[PDB]
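**Student:**
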Amino acid sequence: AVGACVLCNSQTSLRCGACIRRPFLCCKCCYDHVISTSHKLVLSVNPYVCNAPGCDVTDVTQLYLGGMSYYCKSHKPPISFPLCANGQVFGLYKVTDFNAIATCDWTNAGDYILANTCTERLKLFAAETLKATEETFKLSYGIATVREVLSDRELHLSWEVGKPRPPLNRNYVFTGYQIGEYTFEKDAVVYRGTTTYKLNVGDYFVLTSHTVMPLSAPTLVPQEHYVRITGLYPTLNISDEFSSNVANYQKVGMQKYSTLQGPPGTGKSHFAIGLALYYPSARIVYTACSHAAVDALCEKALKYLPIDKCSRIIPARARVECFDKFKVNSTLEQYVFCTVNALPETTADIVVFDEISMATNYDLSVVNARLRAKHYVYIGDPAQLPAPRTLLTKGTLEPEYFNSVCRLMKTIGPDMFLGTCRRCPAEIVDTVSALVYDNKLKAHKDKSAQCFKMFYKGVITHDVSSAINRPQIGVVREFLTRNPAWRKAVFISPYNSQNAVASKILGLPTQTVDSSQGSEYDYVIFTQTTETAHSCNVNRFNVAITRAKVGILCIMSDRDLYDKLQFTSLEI
Ligand SMILES: [Zn+2]
Ligand SMILES: [Zn+2]
Ligand SMILES: [Zn+2]
């Protein structure tokens, strides 16, 4: 019952009982909270409630200290002090932004803006409160009791009446009943059990509600600049392959943390792994939120770093298959490849945090909490996709509010910028360079003359809310008959249900924009599907068209993004 004031650190016995996280508040700040919000329950060793038998007054503003106990106006003795007076709440050791964070429901973009422009201790309160709210919201959805099992990849479901039905995408991972995690796709539904199990009829699914642990460490440790490379020993023999990155590698050694903005195909993996070869004795933990981001860092390490000094950390509650060519769960190897949520408690010379646009402030804090390191390197791109905010339905979250690193990158600039895209035909590089990189991204490749755009609104049907555009798929089917080189193309759209239809009609492999992030393919076919905020988001569009190494076909719904594409227009 004794702790520090989440606003000014001052010791107190006073927690707010109305805040979902029950933060410790000092007398001066607990007042400014209760007097300006619907929050009136103040906890101590014992709650600030009327001690009179049967009295239900819990509002600290209506309570008084009578000797040792607390009473309301109706019950207090003649000699009694009001608990709230003179800008304080009586406690031992005797905020506008804190109020907005503490009370918001996290459905509005402005909630995320504030959780990212506030003080550092408020960024942790914000992140804890948000994640708790996200988790206690999951308790508010319908169960899917299995009616019948068609095959090993399809079954039918009966849905609980009175509670809403959650979106059936790869984003929403259920828990079967403890028959392991289970996802679904687009009355025949496509079931995907993490553990292979002959699905029993009557068995029920419920969503994976995890307990939100408190945060302690800041999002970003305080910044230190050094005169010389600190606690790292560079090679003199550095392979020409990594000669480009030498000055940035010395920058990494000469400050506590560094930010690298690398646009698509600019050499992020190359940079991350090239750091190990430039500081060859340095212990490096390689971390990202997703298994796929960590597995990409593994593939690059496999090519350049000795395989005996590399470990892939895999949590015993295995969710999806991941990188299988390192020693598994050897925490003490020089090179450790681990998702944030599985990180062990250890130390390092360098921590490399990759795909930083997908990190939340909760993720940034957990890393600083589990890994004590001489240098933190933050790699990603604020022009790429953020983590989905399940509760955010109103307003759009701008890149400068994704997390503390993206905010730094969007305000003061990144410490290091990889400025040459080596993956994409020039037509794509020129488009995104102007769209999201203020003309600072340069093309290595020539124009491919295999980058095509077509303006075709088509017809938009919906599977619930997920959009489908069959005529857009029809246009692709026609294009494929005349363009056999594209038979190998990955189909990409902003919608699962569009992808499900494209899968059956075209037989192409299928990716959402969001699942395509970090991947590259020779040929991409993109159907915008709709002109919504979701399908027109410049970050999503940037990711969509930068997957392609040789050619891209964009069937567009939005005039603006269509006119911006520096592609050959097709007719029909
Ligand atoms: Zn305070
Ligand atoms: Zn409160
Ligand atoms: Zn009373």
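Going left to right, the sequence shown walks through residues 5325 to 5418, 5427 to 5509, 5518 to 5526, 5531 to 5916 as full-length UniProt numbering numbers them.
Note that the Cβ used here is the ideal one computed from N, Cα and C, for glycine as well.
Pull every residue with its beta-carbon under 7 Å away from any heavy atom of ligand 2, and keep them in chain order.
**Tutor:** The set, ordered by position in the chain, is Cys-5340, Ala-5342, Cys-5343, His-5357, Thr-5361, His-5363 and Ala-5434.
**Student:** Would you decide whether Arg-5656 is buried or exposed? Buried here means 16 or more other CB atoms lie within 10 Å of its CB.
**Tutor:** buried
**Student:** With respect to 6 Å, is the separation between the Cβ of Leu-5741 and the closest non-hydrogen atom of ligand 1 below this value?
**Tutor:** no
**Student:** Reducing DSSP to helix, strand and coil, say where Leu-5897 ends up.
**Tutor:** strand
**Student:** For the 8 Å Cβ check, are there 3 or more pairs between the segment 5742 to 5753 and the segment 5477 to 5490?
**Tutor:** No, because fewer than three Cβ pairs between the segment 5742 to 5753 and the segment 5477 to 5490 fall closer than 8 Å, the two stretches do not touch.
**Student:** Residues with a Cβ closer than 6 Å to any heavy atom of ligand 3, in chain order?
**Tutor:** Per the Cβ criterion, the list is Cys-5374, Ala-5376, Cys-5379, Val-5381, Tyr-5395, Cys-5396, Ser-5398 and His-5399.
**Student:** Within this structure, are the beta carbons of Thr-5854 and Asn-5843 separated by less than 7 Å?
**Tutor:** yes
**Student:** Output the distance between the C-alpha atoms of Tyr-5722 and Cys-5436, rounded to the nearest integer angstrom.
**Tutor:** One Cα belongs to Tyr-5722, the other to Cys-5436, and the distance between them is close to 29 Å.
**Student:** Is any non-hydrogen atom of ligand 4 found closer than 6 Å to the C-beta of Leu-5367, if you look at the structure I gave you?
**Tutor:** Of the ligands one can find in the structure shown, namely ligand 1, ligand 2 and ligand 3, none is ligand 4.
**Student:** Would you say the segment 5610 to 5617 touches the segment 5640 to 5650, given that touching needs at least three Cβ pairs under 8 Å?
**Tutor:** In short, these stretches touch, since the Cβ pair count reaches three.
**Student:** Roughly how many angstroms lie between the CA atoms of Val-5857 and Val-5882, to the nearest whole one?
**Tutor:** 12 Å
**Student:** Can you list, in chain order, the residues of its chain whose CB lies under 6 Å from that of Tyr-5745, leaving out five sequence neighbours each side?
**Tutor:** Excluding residues within five positions, the ones whose Cβ falls inside 6 Å are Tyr-5444, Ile-5445 and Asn-5448.
**Student:** With a CB to CB cut of under 8 Å and the five nearest residues on each side skipped, what residues in its chain are close to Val-5803?
**Tutor:** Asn-5813, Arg-5814 and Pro-5815
**Student:** Measure the alpha-carbon distance for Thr-5465 versus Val-5556 and round it to whole angstroms.
**Tutor:** Using only the alpha carbons, I get a separation of about 9 Å.
**Student:** Mapping the DSSP letters down to three states, classify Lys-5542 as helix, strand or coil.
**Tutor:** Here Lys-5542 sits in coil by DSSP.
**Student:** Give me whichever residues DSSP pairs with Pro-5406 in a beta bridge.
**Tutor:** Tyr-5388
**Student:** From the DSSP secondary-structure annotation, give me the bridge partner or partners of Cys-5436.
**Tutor:** DSSP, once it has assigned bridges, lists no residue as partnering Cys-5436.
**Student:** Specify the secondary structure class of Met-5798 as computed by DSSP and reduced to three states.
**Tutor:** Assigned with DSSP and collapsed to three states, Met-5798 falls in strand.
**Student:** Report the three-state DSSP secondary structure of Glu-5525 (helix, strand or coil).
**Tutor:** When secondary structure is reduced to three states using DSSP, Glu-5525 falls in the strand class.
**Student:** Can you grab the Cα-Cα spacing for the pair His-5788 / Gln-5910, in whole Å?
**Tutor:** For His-5788 and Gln-5910, the distance between alpha carbons rounds to 16 Å.
**Student:** What residues match up with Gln-5335 in a beta bridge as DSSP calls it?
**Tutor:** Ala-5328
**Student:** In angstroms with no decimal places, state the Cα-to-Cα distance between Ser-5634 and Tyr-5395.
**Tutor:** 52 Å
**Student:** What three-state label does DSSP hand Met-5753 in the structure shown?
**Tutor:** In the structure shown, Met-5753 sits in a helix (DSSP, three-state: H, G or I).
**Student:** Can you name the residues that DSSP bridges to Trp-5491?
**Tutor:** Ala-5476
**Student:** For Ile-5836 and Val-5868, which I take to be in contact (beta-carbon distance under 8 Å), what is that distance rounded to the nearest angstrom?
**Tutor:** 6 Å
**Student:** I'd like to know whether the C-beta atoms of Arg-5346 and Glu-5521 end up nearer to each other than 7 Å.
**Tutor:** no
**Student:** Under the criterion of a Cβ to heavy atom distance below 6 Å, does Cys-5332 qualify as lining ligand 1?
**Tutor:** yes
**Student:** For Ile-5694, write down the residues that DSSP places opposite it in a beta bridge.
**Tutor:** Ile-5628 and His-5719
**Student:** With respect to the alpha helix (DSSP H) encompassing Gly-5442, which residues constitute its N-terminal and C-terminal limits?
**Tutor:** 5441 to 5449
**Student:** Specify the secondary structure class of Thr-5805 as computed by DSSP and reduced to three states.
**Tutor:** Here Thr-5805 sits in strand by DSSP.
**Student:** Taking DSSP as the reference, what is the three-state secondary structure of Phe-5835?
**Tutor:** strand
**Student:** Using a Cβ-Cβ cut-off of 8 Å (strictly less than) and excluding sequence neighbours within five positions of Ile-5573, which residues of its own chain qualify?
**Tutor:** Taken in chain order, the residues that qualify are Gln-5594, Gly-5597 and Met-5598.
**Student:** Rounded to a whole number of angstroms, what is the C-alpha to C-alpha distance between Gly-5763 and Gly-5537?
**Tutor:** 42 Å
**Student:** Look at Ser-5701 and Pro-5732 and say whether their C-beta atoms are less than 7 Å apart.
**Tutor:** Result no, Cβ atoms of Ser-5701 and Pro-5732 do not sit closer than 7 Å.
**Student:** Please report the residue range of the alpha helix (DSSP H) in which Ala-5846 lies.
**Tutor:** 5840 to 5850
**Student:** According to DSSP, is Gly-5508 part of a helix, a strand, or is it coil?
**Tutor:** strand
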